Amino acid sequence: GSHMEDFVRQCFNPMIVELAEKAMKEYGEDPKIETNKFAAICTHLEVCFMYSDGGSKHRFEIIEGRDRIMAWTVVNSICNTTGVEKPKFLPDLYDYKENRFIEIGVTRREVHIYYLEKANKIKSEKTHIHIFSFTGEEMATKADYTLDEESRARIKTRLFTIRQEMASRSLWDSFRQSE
């Protein structure tokens, strides 16, 4: 095994790791080789899980963490009961309170570049966009950050905790220069 893989298994809880292994394998990647992609999907999975935990009881429908067909089924059921436009690509969450899907991005570049690139890929204007980064900076559409400051600051802290742990194990540099 790799050094990064062992770090992934000791920093992220097992359920998040199992979902990341299932997600990458459903797209042909192997967690034991593309190990920094392994850490990325784990990090992205934890961020969305904390994000939907930031609301009430059932404000959010979690799209991420399901296989492509079941995730599109919930997308279909959401679209064809609320009336919203079906997105071109799979989002990560659906905000019932705000009646909009959310795409959540976790980047190691500037929140400006990453938002611009995914806002380009999305093109469909309806779905909300919300980016975090491993430095503590965040950016959202219309500056509408959906959650309150306390929930989002928990996410920024967890991200900086991961970058710190990667650096003390000498794996942050390759993780940075691999996105």
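A residue's number is simply how far along the shown sequence it sits, counting from 1.
Undergrad: Is the mean CA B factor in the deposited entry higher across 149 to 157 or across 119 to 127?
TA: So the stretch with the higher mean C-alpha B-factor is 119 to 127.
Undergrad: Averaging CA B factors per stretch from the PDB record, which one is higher: 22 to 30 or 128 to 136?
TA: The stretch with the larger mean CA B-factor is 22 to 30.
Undergrad: Quick one: which of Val111, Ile41, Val47, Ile63 has the biggest Cα B-factor according to the entry?
TA: Result of the comparison over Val111, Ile41, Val47, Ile63: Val111.
Undergrad: Hey, what third does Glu85 fall into on Cα B-factor, ranked over its chain?
TA: According to the entry, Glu85 has a C-alpha B-factor in the chain's highest third.
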